[PDB]
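Trainee: Residue numbers (the authors' numbering), protein chains in the order written: chain S, 149 to 197; chain h, 306 to 356; chain g, 2 to 659. We put the CB at the ideal spot given by N, CA and C, even for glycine. Can you read through this structure? Questions will come right after.
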């Protein structure tokens with residue numbers, strides 16, 4: 149809410165100032181198993197999926 | 306904007322010493338609270354009578 | 002014990018800034034005479050030298066002359082210090098509450114009238130006037146006029162009653178061309194602002210202010226009252242942005258205050274000036290204005306009978322400074338809409354203030370959603386059910402939505418008294434009888450002076466003072482009180498019973514004698530069938546019992562009247578008081594019991610199994626003699642003076658002495 153739009157603007161960004169919308173966050177996921185014999189050994193990768 | 310415009314708004318005597326009497330004669334009657342029934346809807350429909 | 006203190010409370014009961022207080026002239030001088038003294042210019046001049054003294058003496062005279070101006074204005078300046086009444090209204094009017102002019106004697110009638118034309122619907126147009134003689138005096142009727150239009154269905158058989166309610170006076174309507182610069186006065190005395198209604202050109206506007214005031218009318222329709230200091234009312238309405246402000250609901254906005262006028266909106270107002278407060282209790286009515294084709298075949302008093310009622314209502318003084326003075330502060334305190342219990346007290350006090358000497362707003366914690374009200378019709382103890390309904394709905398206008406107003410006249414302690422008052426014949430040339438007519442005023446004077454106000458402890462003797470004070474040719478005055486309550490059910494005590502709040506002598510608890518229908522048969526030559534026998538009984542207290550208790554002894558019973566049960570026996574005690582009957586019937590039962598210390602009194606006729614209907618009368622009056630001097634009141638139980646409606650409760654013996 150707030151801002152009037154109206155025939156107004158070329159700019160994409162001034163509107164992006166707030167589209168409303170939503171922002172970033174982190175989350176922690178699951179425990180881990182070692183591939184072999186130690187977990188400190190193993191390393192992580194996550195592609196988005 | 307809408308296609309209705311003047312360069313600026315705001316102004317006023319402010320007082321209009323007589324005209325204010327009413328206003329004083331009025332607001333003494335006013336409530337910020339809502340009570341009875343029709344007090345509400347008035348104040349209510351002040352919001353989104355558009356809806 | 003009593004009140005210990007740390008430097009407590011504040012500044013007496015009420016502010017007196019008291020630099021303002023008018024002092025005694027000599028002291029004023031005495032103060033001022035010091036003032037000139039010590040004046041650096043001269044420490045020499047002796048003031049008690051009579052030469053300067055009278056000179057300074059004069060300064061104080063003006064200084065006192067001028068002060069009461071300066072001081073009184075302050076009393077004036079501050080409501081509740083205001084000594085002028087027309088002052089008091091102003092701040093009160095300013096506070097959003099006004100006292101009103103004498104408020105027309107009002108009533109309702111239903112009248113059965115045949116239309117000669119036999120049209121489906123006749124209206125009674127607003128403004129037909131009827132006559133009512135004041136009580137007991139037919140020398141003149143009091144005119145009173147149809148309040149408003151009303152129409153009636155023609156019943157079949159062609160006769161049908163309309164009903165309508167009636168306020169006293171004459172409709173008086175005056176058109177005025179409104180003009181910018183001008184006062185709008187009505188110089189009419191006997192006017193009352195509550196019966197004032199008006200028309201701008203066409204539509205009616207309401208002074209927001211206790212006419213409607215919550216409706217879609219958008220507030221553009223409106224106006225005010227005011228009291229000219231003269232005693233006559235002037236009209237007023239808001240000018241310019243007459244609605245709250247600006248654009249509001251209109252899309253075009255701009256500005257409208259209305260009433261330009263130029264000639265626009267020629268203002269026509271319509272009102273009733275009245276003779277009221279003199280007209281209360283006007284029973285006999287006339288149909289005092291004819292209409293086309295309508296003929297009243299009967300006008301029958303008081304639909305939906307109380308049953309105890311009087312003619313009309315209302316009137317009013319109008320003015321009392323005391324009830325008015327503090328009061329508007331609560332309305333100054335409260336908003337328009339009434340919220341607080343005492344807000345319902347004061348609000349009710351506005352309209353029907355001349356109907357109500359005192360109104361008691363309270364909750365009954367049992368029933369929520371109901372505003373419980375105990376008021377004084379101030380003509381009598383019982384507002385006729387229409388009034389109750391009337392103000393209710395009107396009251397109900399200002400209220401919380403789920404809340405309902407509930408008005409009941411509370412129970413009333415009655416002081417039943419024979420008076421013994423002596424006077425010297427010679428000492429009074431004045432007509433003896435009229436003396437009684439004198440005292441009988443001064444009796445309620447005390448009441449109105451005292452008792453209804455707080456409904457506090459009641460002093461018999463102190464009452465007898467003013468009646469003593471009456472003729473001063475009265476040589477002596479004596480009286481004896483019987484504390485009296487009224488009972489709604491003879492059959493079953495109210496659950497809680499009944500309490501006196503006041504210690505009574507044992508065995509001094511009495512009641513009224515009343516017949517009882519007994520199934521047993523009576524026949525007398527020429528009488529024939531004769532239904533059955535009925536005899537009378539009354540409620541009797543037995544003696545005090547240890548632990549201050551007593552059992553309620555029923556009136557005497559003939560043999561075979563009451564089926565004897567192994568449980569219930571003729572009480573047949575020695576003590577209990579007994580009426581003397583020709584029957585000699587000695588059967589007496591305990592119908593219930595009491596205790597004197599708690600003053601609480603219970604019985605049930607279900608106990609004796611005797612049928613309610615074999616009693617003729619539903620209510621009985623209660624007799625008791627409080628052992629104590631003065632009568633204590635608590636809640637909803639108030640002693641009061643109504644002689645006219647209930648003279649049997651008030652009696653006076655007159656002792657002529659040479």
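(1) Give the range of the alpha helix (DSSP H) segment to which residue 7 of chain g is assigned.
(2) Taking Cβ-Cβ distances below 9 Å as the criterion, which residues of the segment 381-400 of chain g are in contact with chain h?
(3) Could you tell me the distance, in whole angstroms, from the CA atom of residue 300 of chain g to the CA atom of residue 157 of chain g?
(4) Hey, residue 576 of chain g and residue 559 of chain g: beta-carbon distance below 8 Å or not?
(5) Do residue 494 of chain g and residue 605 of chain g count as a contact pair if the criterion is CB distance below 8 Å?
(6) Pick helix, strand or coil for residue 71 of chain g, following the three-state DSSP scheme.
(7) Can you tell me the Cα-Cα spacing of residue 146 of chain g and residue 193 of chain g, whole angstroms?
(8) Is residue 316 of chain g near the ligand FAD - that is, is its Cβ less than 7 Å away from at least one heavy atom of it?
(9) Could you tell me whether the Cβ of residue 352 of chain g comes closer than 8 Å to any Cβ of chain h?
(10) Note down, one range per segment and in chain order, each beta strand (DSSP E) of at least 3 residues found wholly within the segment 352-430 of chain g.
(11) Residue 322 of chain g to residue 262 of chain g, Cα distance in whole Å?
(12) Give, in chain order, every residue of the segment 326-349 of chain g whose Cβ lies closer than 8 Å to some Cβ of chain h.
(13) What residue from g:195, g:523, g:400, g:638 has the CA that sits closest to residue 536 of chain g's CA?
(14) Report the three-state DSSP secondary structure of residue 312 of chain h (helix, strand or coil).
(15) Could you tell me which chain h residues have their CB closer than 8 Å to the CB of residue 235 of chain g, listed as they occur along the chain?
(16) Counting only beta-carbon separations shorter than 8 Å, does residue 245 of chain g have a partner in chain h?
(17) With three or more C-beta pairs closer than 8 Å as the rule, is the segment 153-172 of chain g touching the segment 202-215 of chain g?
(18) Using a Cβ-Cβ cutoff of less than 7 Å, which residues in the same chain neighbour residue 598 of chain g once the five nearest sequence positions on both sides are dropped?
(19) Residue 484 of chain g by DSSP, collapsed to three states: which one?
(20) Report the CB separation of residue 117 of chain g from residue 296 of chain g in whole angstroms; it is logged as a contact under 8 Å.
(21) So for residue 226 of chain g, helix, strand or coil by DSSP?
(22) Tell me whether residue 384 of chain g is buried or exposed, calling it buried when 16 or more other Cβ atoms sit within 10 Å of its Cβ.
(23) Check whether the Cβ atoms of residue 660 of chain g and residue 275 of chain g lie closer than 8 Å to each other.
(24) Which residues, in order along the segment 202-225 of chain g, keep a beta-carbon less than 7 Å from a beta-carbon of chain h?
(25) Identify each residue in the segment 273-303 of chain g for which the Cβ-Cβ distance to at least one residue of chain h is less than 7 Å, and report them in chain order.
(26) Relative to chain h, which residues along the segment 84-100 of chain g have a C-beta separation below 7 Å, given in chain order?
(27) Can you give me the C-alpha to C-alpha distance between residue 431 of chain g and residue 171 of chain g, rounded to a whole angstrom?
(28) Is it buried or exposed, residue 104 of chain g, if we count other Cβ atoms within 10 angstroms and call 16 or more buried?
(29) Can you name, in chain order, every residue of its own chain whose Cβ lies under 8 Å from the Cβ of residue 397 of chain g, other than the five neighbours on each side?
(30) Taking residue 486 of chain g as the reference, which of g:515, g:342, g:411, g:253 has the closest Cα?
(31) In whole angstroms, give me the CA-to-CA distance for residue 345 of chain h and residue 244 of chain g.
(32) Hey, does residue 323 of chain g have any beta-carbon neighbour from chain h nearer than 8 Å?
(33) List, in order along the chain, the chain h residues whose C-beta lies closer than 7 Å to that of residue 402 of chain g?
(34) I'd like to know whether the C-beta atoms of residue 507 of chain g and residue 551 of chain g end up nearer to each other than 8 Å.
(35) Under 6 Å Cβ to Cβ from residue 477 of chain g, same chain only, skipping five residues before and after it: list those, please.
(36) Could you pull the DSSP bridge partners for residue 114 of chain g from this structure?
Mentor: Let me spell this out:
(1) On the third chain, position 6 is the one that residue 7 of chain g refers to. No alpha helix (DSSP H) holds residue 7 of chain g; DSSP gives it neither H nor E.
(2) 398, 399, 400
(3) Here residue 300 of chain g refers to the residue found at position 299 of the third chain. Here residue 157 of chain g refers to the residue found at position 156 of the third chain. Rounded to the nearest angstrom, the two C-alpha atoms are 19 Å apart.
(4) In the third chain, the residue the question calls residue 576 of chain g occupies position 575. In the third chain, the residue the question calls residue 559 of chain g occupies position 558. Not in contact: residue 576 of chain g and residue 559 of chain g (Cβ atoms no closer than 8 Å).
(5) Walking along the third chain from the start, residue 605 of chain g turns up at place 604. Walking along the third chain from the start, residue 494 of chain g turns up at place 493. In contact: residue 605 of chain g and residue 494 of chain g (Cβ atoms closer than 8 Å).
(6) Residue numbering aside, residue 71 of chain g sits at position 70 when the third chain is read from its first letter. Helix at residue 71 of chain g.
(7) Position 145 of the third chain, counted from the start, is the residue given in the question as residue 146 of chain g. Position 192 of the third chain, counted from the start, is the residue given in the question as residue 193 of chain g. Approximately 15 Å between the Cα atoms of the pair.
(8) Summarising the ligand content, the structure contains no ligands, and the ligand FAD is consequently not present.
(9) For the purposes of this step, residue 352 of chain g is identified with residue 351 of the third chain, where counting begins at 1. Judged by the 8 Å Cβ criterion, residue 352 of chain g is not in contact with chain h.
(10) 360-363, 371-376, 405-408, 413-425
(11) Looking up residue 322 of chain g in the third chain gives position 321. Looking up residue 262 of chain g in the third chain gives position 261. So the two alpha carbons sit approximately 38 Å from each other.
(12) 336, 337, 338, 340
(13) On the third chain, residue 536 of chain g is found 535 positions in, with the first residue counted as 1. Among g:195, g:523, g:400, g:638, the Cα nearest to that of residue 536 of chain g belongs to g:523.
(14) Indexing the second chain from 1 puts residue 312 of chain h at position 7. In this structure, residue 312 of chain h counts as coil in the three-state DSSP scheme.
(15) As a first step, residue 235 of chain g is located in the third chain; it is residue number 234 there, counting from the start. Those within 8 Å of residue 235 of chain g in chain h number zero; the least Cβ separation is about 16 Å.
(16) Start at 1 with the first residue of the third chain, and residue 245 of chain g comes out as number 244. Interface residue, yes.
(17) no
(18) For the purposes of this step, residue 598 of chain g is identified with residue 597 of the third chain, where counting begins at 1. Closer than 7 Å at the Cβ level, and outside the excluded window around residue 598 of chain g, lie 549.
(19) Counting from 1 along the third chain, the entry for residue 484 of chain g is found at position 483. In this structure, residue 484 of chain g counts as strand in the three-state DSSP scheme.
(20) Residue mapping note: residue 117 of chain g aligns to position 116 of the third chain, counting from 1. Residue mapping note: residue 296 of chain g aligns to position 295 of the third chain, counting from 1. The pair is a contact, with the Cβ atoms about 6 Å apart (cut-off 8 Å).
(21) Residue 226 of chain g sits at position 225 when you count from the first residue of the third chain. It is a strand residue.
(22) Translated into positions along the third chain, residue 384 of chain g becomes position 383. Classification for residue 384 of chain g: buried.
(23) For residue 660 of chain g there is no data in the structure shown, the boundaries of chain g being 2 and 659.
(24) 215
(25) none
(26) 97
(27) Here residue 431 of chain g refers to the residue found at position 430 when the third chain is read from its first residue. Here residue 171 of chain g refers to the residue found at position 170 when the third chain is read from its first residue. Whole-angstrom Cα-Cα distance: 39 Å.
(28) For this step, residue 104 of chain g is matched to residue 103 along the third chain. Under this definition residue 104 of chain g is a buried residue.
(29) Taking the third chain and counting its residues from 1, one reaches residue 397 of chain g at position 396. Excluding positions up to five away in sequence, the list reads 405, 406.
(30) Position 485 of the third chain holds residue 486 of chain g. Nearest of g:515, g:342, g:411, g:253 to residue 486 of chain g, Cα basis: g:411.
(31) One-based indexing of the second chain puts residue 345 of chain h at position 40. One-based indexing of the third chain puts residue 244 of chain g at position 243. The alpha-carbon atoms of residue 345 of chain h and residue 244 of chain g are separated by roughly 18 Å.
(32) As a first step, residue 323 of chain g must be located in the third chain, where it is residue number 322. Chain h, which has no Cβ nearer than 8 Å to the Cβ of residue 323 of chain g, makes this no.
(33) Position 401 of the third chain, counted from the start, is the residue given in the question as residue 402 of chain g. In chain order: 341, 342.
(34) Within the third chain, the letter at position 506 stands for residue 507 of chain g. Within the third chain, the letter at position 550 stands for residue 551 of chain g. Result yes, Cβ atoms of residue 507 of chain g and residue 551 of chain g sit closer than 8 Å.
(35) Locating residue 477 of chain g in the third chain gives position 476, counting from the first residue. Correct list, in chain order: 423.
(36) For the purposes of this step, residue 114 of chain g is taken as residue 113 along the third chain, with counting starting at 1. In DSSP, residue 114 of chain g forms a bridge with g:161, g:297.
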